[PDB]
Every structure is written in C-alpha cells, then in structure tokens.
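**Student:** After the structure tokens below, expect a handful of questions from me.
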Amino acid sequence: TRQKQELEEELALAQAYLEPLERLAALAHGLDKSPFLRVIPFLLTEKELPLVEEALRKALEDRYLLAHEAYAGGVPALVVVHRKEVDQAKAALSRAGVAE
Amino acid sequence: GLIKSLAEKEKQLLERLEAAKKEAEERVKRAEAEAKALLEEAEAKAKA
C-alpha cells in the first residue's frame, strides 16, 4: 500500500512536468554546470511574455540571452545571464510576479 | 537568440584555457631540465 501510493504520487509528478523540464533542459544544455554562465528557469504564459522580456532587458541590458520553448500551454522560459547579474534577473521576475 | 551560438563557443573558451595549461607546463619543464643538466656539468667539471 505504501509502494502503490509512492508510484501514484511519482507518476503524477512525472505526468505534470515531463515536457516543461524537457523544454527547460534543452534551453540550458551544458549551461547547468559551467561556472561561466548562470541560468534561471521560470514559467511564462503567452500573455505574460512581452512584459517579462522588456523588464529583463532594462535590468540586464543587452548582455543576456532569453530563449523559450513551448510545453503545451505558455512557455517555460530560460534566461542566461552572467554570474553576478543573477540578482538583476531575479528582481525583474519577482517584481513581475513571475515565480521560478 | 539561439543556444547554438554560445554552446559551440564554450567548447572554444575551454580550448583557450587548455592550450594555456600546456605552454605553462612545457616551459617550466625545460628550465628544470636546464637546471638538472647544469648542476650535472658542475659535478663532471668539479670531479675533473
């Protein structure tokens, strides 16, 4: 009864999030263990994306890469920033009301 | 953007460190070789 319950909970997570993580992973391929760059994953909906893009761009200038791929709704979006411009990017999301 | 620009650039930034470690080691080895042989000449001479 614990094993069956564990499988259902497990299956539930796997079902929700296989496509978002798949999209986010591709986006930050090799970028999750390079000291050089820092990446921040976050979820965006179609309506939400223009505002976010403008908001990042004032915070983080033109020394950033924002690429996104579409899961089945909106997009899980990934921003790539230099290490120590991490805070500038997070402030921009927090201020928008966008969670990680 | 597109991640293929920075993805395939990283694997050149990586080569720029790597060739650096080479020519650091391979230079300090020569000097050690020149010191070793110099102090050997200083024996061959001293004993002669």
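Methodologically, a virtual Cβ is constructed for each residue, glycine included, from the backbone with ideal geometry; neighbour enumeration extends over all protein chains shown. Values in this text are rule-based calculations from the coordinates and carry no lab data.
**Student:** (1) more than 18 Å from residue B:2 (Cα to Cα); (2) in contact (Cβ under 8 Å) with a residue 40 or more places away in the chain; (3) among the β-branched types (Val, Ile, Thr): which one isn't true of residue A:45, the others all being true?
**Tutor:** It fails just one condition, (2).
**Student:** Quick one: which of A:99, A:77 is of a type in the set (A, V, I, L, M), within 10 Å of the chain's Cα centre (by Cα) and either in a loop (DSSP other than H, G, I, E, B) or at positive phi (or both)? Steps first, please.
**Tutor:** Numbers: A:77 fails: either in a loop (DSSP other than H, G, I, E, B) or at positive phi (or both).
Only one candidate passes the filter, namely A:99.
**Student:** Is the stretch A:39-56 home to any residue that is within 26 Å of residue B:17 (Cβ to Cβ) and within 17 Å of the chain's Cα centre (by Cα)?
**Tutor:** Within the stretch A:39-56 (the criterion being within 26 Å of residue B:17 (Cβ to Cβ) and within 17 Å of the chain's Cα centre (by Cα)), the answer is yes, since at least one residue qualifies.
**Student:** Residue A:58 passes all but one of (1) part of a helix (DSSP H, G or I); (2) among the basic types (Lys, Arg); (3) within 13 Å of another protein chain (Cβ to nearest Cβ); which number fails?
**Tutor:** Failing condition for residue A:58: (3).
**Student:** On the given criteria, is residue B:46 away from chain A (no Cβ under 14 Å), surrounded by fewer than 10 Cβ atoms within 10 Å (Cβ to Cβ) and of a type outside the set (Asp, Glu)?
**Tutor:** So residue B:46 passes the test.
**Student:** Looking only at the stretch A:71-89, decide whether some residue is away from every other protein chain (no Cβ under 14 Å), surrounded by 15 or more Cβ atoms within 10 Å (Cβ to Cβ), touching a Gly at 6+ places or on another chain (Cβ under 9 Å) and farther than 23 Å from residue B:9 by Cα.
**Tutor:** The answer is no, given that none of the residues of the stretch A:71-89 is away from every other protein chain (no Cβ under 14 Å), surrounded by 15 or more Cβ atoms within 10 Å (Cβ to Cβ), touching a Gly at 6+ places or on another chain (Cβ under 9 Å) and farther than 23 Å from residue B:9 by Cα.
**Student:** What residue, among those in the stretch A:10-40 that are surrounded by 16 or more Cβ atoms within 10 Å (Cβ to Cβ) and more than 14 Å from chain B (Cβ to nearest Cβ), is nearest to residue A:60 (Cα to Cα)?
**Tutor:** Ranking the candidates gives A:40 first.
**Student:** Just to check your reading of the model, which residue among B:17, B:38, B:13, B:6 is loosely packed, with under 10 Cβ neighbours inside 10 Å and either within 14 Å of chain A (Cβ to nearest Cβ) or outside any helix (DSSP H, G or I) (or both)?
**Tutor:** B:17
**Student:** Can I ask one more? Name every residue in the stretch A:35-81 that is of a type outside the set (D, E, K, R), out of contact with any strand residue (DSSP E or B) (no Cβ under 7 Å at 6 or more places or on another chain) and more than 29 Å from residue A:15 (Cβ to Cβ), in order of residue number.
**Tutor:** Within the stretch A:35-81, A:35, A:36, A:50, A:51, A:55, A:59 meet the criteria.
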